[PDB]
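A.B. asks: quick one: initial chain(s) of a complex, as found there:
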Amino acid sequence: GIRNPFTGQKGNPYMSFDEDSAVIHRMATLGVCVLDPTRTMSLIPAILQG
Amino acid sequence: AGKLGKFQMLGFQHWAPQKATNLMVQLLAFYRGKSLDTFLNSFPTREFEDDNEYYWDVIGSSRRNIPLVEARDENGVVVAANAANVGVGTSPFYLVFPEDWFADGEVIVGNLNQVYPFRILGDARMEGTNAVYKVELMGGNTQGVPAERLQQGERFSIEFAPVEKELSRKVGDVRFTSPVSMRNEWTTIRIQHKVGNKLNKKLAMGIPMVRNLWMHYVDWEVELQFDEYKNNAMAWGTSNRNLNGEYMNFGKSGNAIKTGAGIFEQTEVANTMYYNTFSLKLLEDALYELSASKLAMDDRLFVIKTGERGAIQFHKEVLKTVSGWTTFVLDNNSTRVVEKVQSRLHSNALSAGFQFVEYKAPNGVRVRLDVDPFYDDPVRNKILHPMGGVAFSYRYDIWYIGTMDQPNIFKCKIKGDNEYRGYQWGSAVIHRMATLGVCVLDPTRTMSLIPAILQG
């Protein structure tokens, strides 16, 4: 709004909203890959129910 | 004492040939806004680290004397107002104090010092929080002490602790004290305006009362009208808390609007006074009793800060007091009410006129008079006085009582900058924000005579 507590700035020529605040947003796109699951073996206790 | 309306200020909602002058004209038949800046810039500024509340030590004084709760006979019964003398023939009796302040063998004295001195015959038998001493008389008193001088509310001081020359045993003790402290809070100001150099909706047109009846600079107006928000929270601020500390006024986000006091709310907790008529009999006694107990004899210069019509109210009040001085006959050789001016019209030509600005009371109490022009405000002050004016110029103030070696009154500010600004486009809103405060250290060092028509 009128100040950013995160980036330490007092003064906003392009204000977002009228409230004295600041909201930090983060986003990411991520993944994994196992090419051959026959090159990898598991052995699990069956009380974990899979 | 009568007016005549020379203007009328009406809003716009109830409403090229060549020009003579380009710059606008301000008539004398038009009131003007009055900045409190040079009243507020007369005080210094004490800079603070942050927005937290702050405290400071208040170091007081020591010389006590203790009130009496009651007095008792040797058989246990209390004394009355219609009783006879107590302790005849140096017979012992009892004496009840709310604290254990004296010791054994000490001499304590009543309201009549050194006539009826009371010697304490042992340690205080405690009763709840009270202290009961067994006392007898230390002055060769055969008649005793009367019951009038042994009632509730009688003050008792310590004198000494006399012993015998041979085989004396221990008497007396020493006493200790401790100081206190006080606090103060802050206040947060905001403004907005939806807009760029051109006007907006809130318009007031000024119509003069005569016989034959540009483009607006926004960023100078939103800087000035927010400065006047900052001046009014300095001077006309009010505290909205209980004696428990919970705020009473909640804002739009649910958080409580935290607002601290102003100058005229802090300074009017001590030595304030509402008078129905102004007279020097009141002012010279209100100024003496403060200076009889709190000031020396050379340090008694009281400078009245007031308005303009109160200065002629002080002028005509001194003149009535000098009118009652039948012993001294005032001549023009000394006072010079009538002076001689050189004029084209005459060889021996004169001038006439005078004004009292000073009054010097007994024992060195001197009174000055300077006029602060923001007391004559037509906007802020609307109750009118029948002698002409706004009835707030008829208010007297004494700032800076004595010498303190430190500013008693100052304006608070946060280190760095407590000002914020913002512009919100889409609606083109301009935002401003500021936090501030004012601290009066000793409000017993400011005296005020306010009119009684501005109370309640």
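C.D. replies: That came through fine. Numbers count the residues shown, from 1 in each chain, chains lettered A, B, ... in the order given.
A.B. asks: got the contact list for residue B:199?
C.D. replies: Contact analysis of residue B:199 by Cβ atoms under 8 Å, 6 or more residues apart in numbering or on different chains lists B:215, B:216, B:218. C-betas here are computed from N, CA, C, even on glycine.
A.B. asks: repeat that with 7 Å
C.D. replies: The contact partners of residue B:199, by Cβ atoms under 7 Å, 6 or more residues apart in numbering or on different chains, come to residue B:216.
A.B. asks: In space, what's closest to the residue of chain B found nearest chain A - neighbours in sequence excluded?
C.D. replies: Per Cβ to the nearest Cβ, residue B:424 is where chain B lies closest to chain A, at 3.7 Å. Excluding its sequence neighbours, the residue lying closest to residue B:424 (Cβ to Cβ, 6 or more residues apart in numbering or on different chains) is residue A:15, at 3.7 Å.
A.B. asks: and that neighbour, what is it in contact with?
C.D. replies: A:1, A:2, B:422, B:423, B:424, B:431.
A.B. asks: and the two most separated of these?
C.D. replies: A:1 and B:423 (11.4 Å; Cβ to Cβ).
A.B. asks: add one more, call it chain C:
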Amino acid sequence: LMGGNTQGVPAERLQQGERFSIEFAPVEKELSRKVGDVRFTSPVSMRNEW
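C.D. replies: With chain C now in place:
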């Protein structure tokens, strides 16, 4: 009502004709929202001839 007032403003202080003047606009120390406004004036023209 604002200034710690707990017994209420009297009925004699709210009659017809009582003038009202702007002092200031307070908000909180935390998550404030917009208040206040700014006022203006327009001029009127006088007139003369030859």
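A.B. asks: Go back to the contacts of residue B:199, now with chain C?
C.D. replies: Going by Cβ under 7 Å, 6+ apart, residue B:199 touches B:216, C:40.
A.B. asks: Wasn't it part of a helix?
C.D. replies: No. Using DSSP: H, G, I helix; E, B strand; the rest coil, the assignment for residue B:199 is coil, not a helix.
A.B. asks: how close does it get to residue B:192?
C.D. replies: Separation of residue B:199 from residue B:192 (Cβ to Cβ, to the nearest Å): 16 Å.
A.B. asks: Repeat that for residue A:12.
C.D. replies: The separation that residue A:12 has from residue B:192, given Cβ to Cβ, amounts to 13 Å.
A.B. asks: quick one: which of those two has more around it?
C.D. replies: residue B:192 (21 against 17; other Cβ atoms under 10 Å in any protein chain shown).
A.B. asks: What residues does chain A have near chain C?
C.D. replies: Within chain A, the positions near chain C by Cβ under 7 Å from any Cβ of the partner chain are A:18, A:19, A:20, A:21.
A.B. asks: Identify the residues contacting the helix or strand that contains residue B:204?
C.D. replies: Using DSSP states H and E, residue B:204 sits within strand B:203-208. With Cβ under 7 Å, 6+ apart as the test, strand B:203-208 has contacts from B:7-12, B:15, B:27, B:29-30, C:39-42, C:44.
A.B. asks: can you slot in chain D too:
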Amino acid sequence: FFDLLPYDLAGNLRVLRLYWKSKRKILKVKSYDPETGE
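C.D. replies: Placing chain D onto the earlier chains gives this:
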């Protein structure tokens, strides 16, 4: 998509440099030359 000076951007730091003219008190002194009267 979307349907401010941070301290960091892509690993870089934020360097803000302020240059200002402050007011220094100095003395102007009138002295006499010992050799000639100047």
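A.B. asks: let's see the contacts of residue B:199 again after adding chain D.
C.D. replies: B:216, C:40.
A.B. asks: What pairs with the strand holding residue B:204, parallel or antiparallel?
C.D. replies: Take DSSP bridges as the rule and strand B:203-208 pairs in its sheet with strand B:7-11 (antiparallel), strand C:40-42 (parallel).
A.B. asks: Which among the ones you listed is found nearest to residue A:29?
C.D. replies: Closest among the strands paired with strand B:203-208, once you apply Cβ to Cβ, is strand C:40-42, at 52.4 Å.
A.B. asks: residue in chain D nearest to chain A?
C.D. replies: Taking Cβ to the nearest Cβ, chain D has residue D:6 as its residue nearest chain A, at 5.0 Å.
A.B. asks: Count residues in the vicinity of that residue, would you?
C.D. replies: 12.
A.B. asks: And residue A:32, by the same measure?
C.D. replies: For residue A:32, using other Cβ under 10 Å, the count is 4.
A.B. asks: Residue A:43 versus that one, what's the distance?
C.D. replies: As judged by Cβ to Cβ, residue A:32 and residue A:43 stand 21 Å apart.
A.B. asks: Ok, residue B:45 next?
C.D. replies: Separation of residue B:45 from residue A:43 (Cβ to Cβ): 75 Å.
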